[PDB]
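First up is the structure itself, then whatever we jot down about it.
Methodologically, a virtual Cβ is constructed for each residue, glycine included, from the backbone with ideal geometry; neighbour enumeration extends over all protein chains shown. Derivation of every value follows stated rules applied to the coordinates shown; laboratory data play no part.
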Amino acid sequence: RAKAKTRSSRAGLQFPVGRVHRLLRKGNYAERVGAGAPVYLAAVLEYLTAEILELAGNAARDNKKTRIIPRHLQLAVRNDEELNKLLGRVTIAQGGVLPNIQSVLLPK
Amino acid sequence: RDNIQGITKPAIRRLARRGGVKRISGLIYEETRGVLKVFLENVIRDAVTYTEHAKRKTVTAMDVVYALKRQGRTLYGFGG
Amino acid sequence: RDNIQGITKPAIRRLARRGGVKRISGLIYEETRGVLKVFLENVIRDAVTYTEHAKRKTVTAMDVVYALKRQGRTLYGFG
Amino acid sequence: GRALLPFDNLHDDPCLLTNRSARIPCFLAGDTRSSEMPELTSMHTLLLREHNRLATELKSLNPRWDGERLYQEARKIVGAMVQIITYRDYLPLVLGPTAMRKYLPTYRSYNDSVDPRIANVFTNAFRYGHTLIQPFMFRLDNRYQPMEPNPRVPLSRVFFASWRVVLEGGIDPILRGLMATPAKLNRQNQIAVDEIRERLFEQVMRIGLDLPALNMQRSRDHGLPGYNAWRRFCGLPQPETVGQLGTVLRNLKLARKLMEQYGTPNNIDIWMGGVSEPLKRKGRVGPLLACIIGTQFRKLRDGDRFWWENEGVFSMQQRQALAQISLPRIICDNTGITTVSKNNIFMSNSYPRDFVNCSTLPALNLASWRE
Amino acid sequence: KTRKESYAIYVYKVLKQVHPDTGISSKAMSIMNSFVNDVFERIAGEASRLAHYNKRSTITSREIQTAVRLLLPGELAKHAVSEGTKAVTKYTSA
Amino acid sequence: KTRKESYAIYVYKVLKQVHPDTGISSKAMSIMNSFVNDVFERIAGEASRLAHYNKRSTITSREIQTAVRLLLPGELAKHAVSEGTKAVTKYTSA
Amino acid sequence: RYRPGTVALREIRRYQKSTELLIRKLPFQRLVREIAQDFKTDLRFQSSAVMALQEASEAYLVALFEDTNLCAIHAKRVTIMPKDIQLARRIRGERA
Amino acid sequence: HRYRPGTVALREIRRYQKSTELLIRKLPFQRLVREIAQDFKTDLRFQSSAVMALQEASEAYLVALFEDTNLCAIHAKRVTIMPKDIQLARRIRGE
Amino acid sequence: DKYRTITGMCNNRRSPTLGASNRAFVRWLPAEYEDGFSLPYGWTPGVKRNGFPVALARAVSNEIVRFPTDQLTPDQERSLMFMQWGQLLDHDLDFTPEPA
DNA sequence: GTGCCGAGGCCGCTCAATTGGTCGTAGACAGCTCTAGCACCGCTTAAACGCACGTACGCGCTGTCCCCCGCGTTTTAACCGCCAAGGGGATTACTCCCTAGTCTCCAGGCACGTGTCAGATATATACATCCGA
DNA sequence: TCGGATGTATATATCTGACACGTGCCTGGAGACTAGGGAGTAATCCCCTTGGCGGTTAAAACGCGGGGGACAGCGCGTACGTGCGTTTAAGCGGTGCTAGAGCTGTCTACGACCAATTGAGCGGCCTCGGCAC
Ligand code: HEM
Ligand SMILES: *[C@@H]1O[C@H](CO)[C@@H](O)[C@H](O)[C@H]1NC(C)=O
């Protein structure tokens, strides 16, 4: 028997292809699941996670902190138009709100 | 038990301040309390239905998260 | 082709009258045309994606119905 | 039986000096530096062949047009093809998905309030490619095997050597070597090879040249600001001490060397700071170089009125036909090659893992150009 | 004790790939896990609906690609699509 | 010339039960069929989600009842539940 | 002659009682084809698809105009203005 | 010394938009949640996480509603928010 | 306006010279010189830049850029295609003439 | 008043529901554990609760003016009815990759335990800002 | 329009608790192999979509007049922000109890899975009156 190597390593990913395949099979989504669907889903999930984590890390570095907190995630999500559209109807706990004030209320 | 008065006027004022409101009228507080009561009633009723279907007696965080998702207010941070 | 101008001022006036509007300013026709163009662009893009996935060159009514439904705008009477 | 670049006549030829026996002066093209290596000459000849083939096809399709219209149409299509290939394959592999999304959003329309001129810093920040030079030139036969004689040639002997493309089998082995050889990965302790650093223009010049030293000297001559100023320009934090520099570069030894050289981050040259920063995820440049390059290319795209995606420039059918173009298709349709790599040719470098017989890929449909 | 599967180690590996010198708290980890689960569920549901519409009983990479194009807005989707292909082709090579 | 199943005869039977001397047009039939399909899909999907939440592999009367209680608003839901219960009871009797 | 506001009320009463479409079919079909030309070329449209698009667009515009009328009445006005449309769209979450 | 009206309001606006804590006391909200749930089932137990999730959702909803109400009030050439603005925002949102 | 001009002029209506050939570059930041006007750093010995002596470029490339050739690591995701297209695009973009 | 096209009632099939066993696994019990939700008390003390001033803002009350509505006329294109082509949705069959289903093994990923270093908390300081003269 | 008072960001200790590893193990993923039904190509078939023409006329355009909302300006009076002093439970700890959520084990009965049968519903066909003129 040849030495076992994970499918994620074959596709050069970090997310688990096998776990995603099991979730697709047991999730009652369709009668049959193709062999390439888990790879596509894992790649998409890894890309989205990398994007949001990069933005959050940039925010944390700009805040002179070396750890990511939900405030940084909220700032990263709200400051990006595409991510804001994707998560328009999602509430992030301990996120706060984006700092803005209407120009009418400011004194002259 | 009149606990709807537990949402004090300073708390509603702080919530409005976070929203960017500069001046607040005196009649806002009662309307805010009514709106909060309606929202809580809906969410808690859905959560209690979810709990009762499971034949449990404790309202877990998963039930609240599922109810919020049903209303269209997906909440990140509790459960999955 | 400037067919966006095909939506005439009387048509927008009729649409506003159906909505209960009594008086209409003359600067809102362009805004209505832009809003209609944006909505149509979104719905038609979704419908064309649905058609392309099915390997077809004809945009059926079912594709438009699905595109409307996926945006929370379910339409009854076409399937 | 395939066209080559026309020769050039100059008062002094530092390019004939490489081989006195051959007596073959190098070529003439749109740029005077088109004969630095046989690869550049091969690329220019391939572009010329593509232009000639497109002109012939357009003339065959429409005979009513004159020669000037044929030349202008072929030039327009070639420019659109170059823009498409660049902005669809090259930049995403340089900047990375995050930088590409941040600095190059979806095209909307032409903007007349943006500057399309080339910035002075871009003449240095774009020299990152000097860190991707392999020490040897690879030529392969029809079977992608090491082709004799000289399967691998030292780079110090291929500079300004046009005789190696006219009298050494043409450009097909050069294209095969380009398409089936991994590049050089840029590491913090491995910046650039010694062939370009100690044996640059060895035959042409009396003594060799140092390419990184030339880069720093040219950066100083142009009076470009230091590393810290450019870091602050793009919004990145500015290091001040040795520890901050080490944190920014994610390396301590290199930061210590930089501090012992300059003494302050503000005195660090732009090129060294750009090529010393850790590479982005799925990218080949640091954050500062990515910022500069993305800004420059966004300015170039937005400010170009003849952009291929701009309205009026092309018809919808023409746009659809152009959107299916690819570099491997052109490299197959303009030379004697018979095996090319898959899509995103800049990524495929292993034979025969990701090589196709290039008989199933679609061709360029010019049926929409009828008058 | 019953094991609880979660997207904890993979998110940390991705973060180390992107930011080698930055940690992440427990609340942020939970938020990331919820986000991954939500996106997975959305894409899988869209793919299932697409498969059901065309009277097909198999989820393939084409269904996932169309679901990604439908759900993800703008440039994001395009990039994601590329990544998907960039994986599947590689999985075919091995 | 293929069979296309629809809720056409049953809607007509219900209408004849309610209004024996009132007809229905084709557009109204299409609207009623679409409404029936949409409500069926909503209730079935909610029941499936409820079954998945509690780690159950079977959709039973309890899941449908809870889905009806969650989806249908107000006294309507209550009335619907009653009808369903009665039906089940009758189906148990015979 | 009729004083202003009478014919408008008559039209409001008339168009709220009928069910016919208020946009000409051929211009709307041409606009739909023009918009769809961007995503794909040489596309064919069923008549039912165009009818569904027209019905959805008309319903959306009528609802938007109702919300705009509410916004204008809130500001103590009778005349619809573009700022009312913008406010309604921003509150509904479309342009937000 | 006394700041002119509206200055401390702007200072509070700037202060509360930078923090992420909860602006409602925990015990009164827990009591309110328990009283509301008492009308549906008798002798119901609550997890702490459930109460925290309810508090977070309620605070986010109220903040969004107050933002919309401020927009409505500004639209009417006013600075003070009034119950009419809240009602209009809720009507437009579909509630 | 039908076709592009070889010299690139007239491309922008507001400024026809914008983006043309044989023109000056664009300085995103002010240039720095030892005298402040036209003298590149390192021309006059004994000058100090930002309170520090001006490091020699050749030495900087000598003891930092240099590395043993035997430790070259090939790129597993890129090829010479990358570098060649980069050089071609750069030759397309810009060129700075210099005195002979 | 008036015809006509659409809704309604009848035959012919044929492709699902239904009746009748089989079986193996999902779920319903009973037991037992032990985690956490409830309750109770004492102490700060930070928050909330009244009270008085006055200043800025919400709110009516004129005024005018210009812009939108209402109407008449010439003009334009939607619309209905009709013909002819042909692209391309729908079916059919015929396999051929492709995927579900089963042992068997292992490593990847859970839980449990630990130590140290980001980070929240005082404290004085140096700015940054506001209302006033 | 320069000077006083206050609010706040910042640099310097200081303790802490939770996060990033380290280790054990067990179960779910990978490797093979076999079997069968999903669907990918081809080959027709007709249908319904696009294109074009002609006459009618109804709706879209345009210009003119006037009057009625929109917006600006001006009191005014009141009520809400801002401090300031006085209650008041909120939060933090420590403690103790037991309610019920979770896990283990067994068994049994109920829904999936077979096949033969037949009739319910769908398609095509007339047929007469509800209603848009
Ligand atoms: C592959 C081997 C290469 C060699 C041997 C080489 C050599 C040179 C030389 C000698 C110069 C003129 C003086 C100098 O800049 O040092 C130059 C100019 C330049 N090169 Fe390279 N080059 C190479 C590839 C590249 C690549 C791949 C890029 C970009 C992707 C690049 C970017 C530039 C730029 C921007 C200039 C302009 C400098 C100026 O105008 O002063 N070069 N090159
Ligand atoms: C053109 O660019 C300028 C400067 O960035 C920007 O302000 C403007 O909005 C742009 N215009 C368009 C039409 O995109």
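Picking from D:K253, D:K282, D:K299, which residue would you name as being farther than 22 Å from I:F67 by Cβ and either away from ligand 2 (no atom under 16 Å from the Cβ) or more than 21 Å from the chain's Cα centre (by Cα) (or both)?
D:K282
Check C:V38 against each of (1) surrounded by 15 or more Cβ atoms within 10 Å (Cβ to Cβ); (2) within 27 Å of H:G94 (Cα to Cα); (3) of a type outside the set (S, T, Y) and name the one condition it does not meet.
Single failed check for C:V38: (1).
Being away from ligand 1 (no atom under 16 Å from the Cβ) and part of a helix (DSSP H, G or I) is the filter; apply it to segment D:300-313 and report the residue that is nearest to I:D90 (Cα to Cα).
Per the stated criteria, the residue is D:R301.
Given the criteria without any contact (Cβ under 8 Å) to a residue 40 or more places away in the chain and within 7 Å of chain C (Cβ to nearest Cβ), does G:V7 qualify? First the steps, then the outcome.
On the way: without any contact (Cβ under 8 Å) to a residue 40 or more places away in the chain: yes; within 7 Å of chain C (Cβ to nearest Cβ): no.
It is false that G:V7 is without any contact (Cβ under 8 Å) to a residue 40 or more places away in the chain and within 7 Å of chain C (Cβ to nearest Cβ).
Taking E:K27 as meeting all but one of (1) closer than 23 Å to A:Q94 by Cα; (2) charged (D, E, K, R); (3) crowded, with 21+ Cβ neighbours inside 10 Å, write down the number of the exception.
Going through (1) closer than 23 Å to A:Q94 by Cα; (2) charged (D, E, K, R); (3) crowded, with 21+ Cβ neighbours inside 10 Å one by one, E:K27 breaks only (3).
Looking only at segment E:48-62, count every residue that is within 7 Å of chain A (Cβ to nearest Cβ) and crowded, with 16+ Cβ neighbours inside 10 Å and tell me the total.
Residues meeting the conditions: 5.
Would you say D:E168 is more than 16 Å from DNA strand K (Cβ to nearest atom), more than 7 Å from chain I (Cβ to nearest Cβ) and over 20 Å from the mean Cα position of the chain (by Cα)?
yes
I need a count of the residues in segment B:56-76 that are away from DNA strand J (no atom under 12 Å from the Cβ) and part of a loop (DSSP other than H, G, I, E, B).
2
Within chain E, considering only helices (runs of 4 or more DSSP H) that don't extend past its boundaries, which have at least 1 residues that are away from ligand 2 (no atom under 16 Å from the Cβ) and in contact with a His (Cβ under 8 Å, 6 or more places away or on another chain)?
Those helices (runs of 4 or more DSSP H) span E:26-53, E:61-71.
Pick from segment D:107-133 the residues that are of a type in the set (K, R) and either at the interface with another protein chain (Cβ under 7 Å from one of its Cβ atoms) or under 29 Å from D:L214 (Cα atoms) (or both): which of them is farthest from DNA strand K (Cβ to nearest atom)?
Restricting to residues being of a type in the set (K, R) and either at the interface with another protein chain (Cβ under 7 Å from one of its Cβ atoms) or under 29 Å from D:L214 (Cα atoms) (or both), the top hit is D:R117.
For segment D:142-154, which positions are free of Cβ contacts under 8 Å to residues at least 40 places away in the same chain and either assigned to a strand (DSSP E or B) or within 12 Å of D:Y351 (Cβ to Cβ) (or both)?
If the condition is that a residue be free of Cβ contacts under 8 Å to residues at least 40 places away in the same chain and either assigned to a strand (DSSP E or B) or within 12 Å of D:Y351 (Cβ to Cβ) (or both), then D:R143, D:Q145, D:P146, D:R152, D:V153 are the ones that fit.
Looking at I:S15, I:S21, I:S38, which one is within 16 Å of ligand 2 (Cβ to nearest atom) and more than 7 Å from chain D (Cβ to nearest Cβ)?
Selected residue: I:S15, the only one of I:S15, I:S21, I:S38 that is within 16 Å of ligand 2 (Cβ to nearest atom) and more than 7 Å from chain D (Cβ to nearest Cβ).
Right, I:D70: closer than 30 Å to D:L300 by Cα and either more than 7 Å from chain D (Cβ to nearest Cβ) or buried (at least 17 other Cβ atoms within 10 Å of the Cβ) (or both) or not?
no
Yes or no: segment D:211-223 includes at least one residue that is under 16 Å from I:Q71 (Cβ atoms) and either more than 8 Å from chain I (Cβ to nearest Cβ) or in contact with a helix residue (DSSP H, G or I) (Cβ under 9 Å, 6 or more places away or on another chain) (or both).
Checking segment D:211-223: not a single residue is under 16 Å from I:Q71 (Cβ atoms) and either more than 8 Å from chain I (Cβ to nearest Cβ) or in contact with a helix residue (DSSP H, G or I) (Cβ under 9 Å, 6 or more places away or on another chain) (or both).
Which one of the conditions (1) in a helix (DSSP H, G or I); (2) loosely packed, with under 14 Cβ neighbours inside 10 Å; (3) not hydrophobic (A, V, I, L, M, F, W, C) does D:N9 fail to meet, given that it meets all the rest?
(1)
I'm trying to understand the selection: among the residues of segment H:4-38, which are closer than 22 Å to B:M62 by Cβ and not β-branched (V, I, T)?
To start, the set of residues in segment H:4-38 that are closer than 22 Å to B:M62 by Cβ comprises H:22, H:26, H:29-30, H:32-34, H:36-38.
Once the filter is applied, which keeps residues that are closer than 22 Å to B:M62 by Cβ and not β-branched (V, I, T), segment H:4-38 yields H:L22, H:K26, H:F29, H:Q30, H:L32, H:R34, H:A37, H:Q38.
Among the numbered conditions (1) surrounded by fewer than 18 Cβ atoms within 10 Å (Cβ to Cβ); (2) within 7 Å of another protein chain (Cβ to nearest Cβ), tell me where E:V18 comes up short.
Tallying (1) surrounded by fewer than 18 Cβ atoms within 10 Å (Cβ to Cβ); (2) within 7 Å of another protein chain (Cβ to nearest Cβ), E:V18 fails exactly one: (1).
Go through segment D:93-130 and give me each residue that's over 20 Å from I:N12 (Cβ atoms) and within 14 Å of ligand 2 (Cβ to nearest atom).
Passing the criteria: D:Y103, D:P105, D:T106.
Could you tell me whether B:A54 is of a type in the set (G, A, S), farther than 27 Å from H:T20 by Cβ, at the interface with another protein chain (Cβ under 7 Å from one of its Cβ atoms) and free of Cβ contacts under 8 Å to residues at least 40 places away in the same chain? Working first, answer last.
On the way: of a type in the set (G, A, S): yes; farther than 27 Å from H:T20 by Cβ: yes; at the interface with another protein chain (Cβ under 7 Å from one of its Cβ atoms): yes; free of Cβ contacts under 8 Å to residues at least 40 places away in the same chain: yes.
For B:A54, the condition - of a type in the set (G, A, S), farther than 27 Å from H:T20 by Cβ, at the interface with another protein chain (Cβ under 7 Å from one of its Cβ atoms) and free of Cβ contacts under 8 Å to residues at least 40 places away in the same chain - is met.
Checking H:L32 against (1) within 29 Å of A:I101 (Cβ to Cβ); (2) within 7 Å of another protein chain (Cβ to nearest Cβ): exactly one of these is not met. Which one?
(1)
With the condition being of a type in the set (F, W, Y) and without any contact (Cβ under 8 Å) to a residue 40 or more places away in the chain, I'd like the helices (runs of 4 or more DSSP H) fully within segment D:230-278 carrying at least 1 qualifying residues.
Details: elements: D:242-249, D:253-262, D:270-276.
Counting at least 1 such residues, we get D:253-262.
Taking segment B:17-55, which residues are assigned to a helix (DSSP H, G or I) and of a type in the set (K, R)?
Those that are assigned to a helix (DSSP H, G or I) and of a type in the set (K, R): B:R17, B:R18, B:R33, B:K37, B:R45.
Please verify whether segment D:177-199 includes one or more residues that are more than 9 Å from chain I (Cβ to nearest Cβ) and in contact with a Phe, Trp or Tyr (Cβ under 8 Å, 6 or more places away or on another chain).
no
Please pick out the residue among E:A80, E:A44 that is buried (at least 17 other Cβ atoms within 10 Å of the Cβ) and farther than 27 Å from D:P278 by Cβ.
Going through E:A80, E:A44 in turn, just one is buried (at least 17 other Cβ atoms within 10 Å of the Cβ) and farther than 27 Å from D:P278 by Cβ: E:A44.
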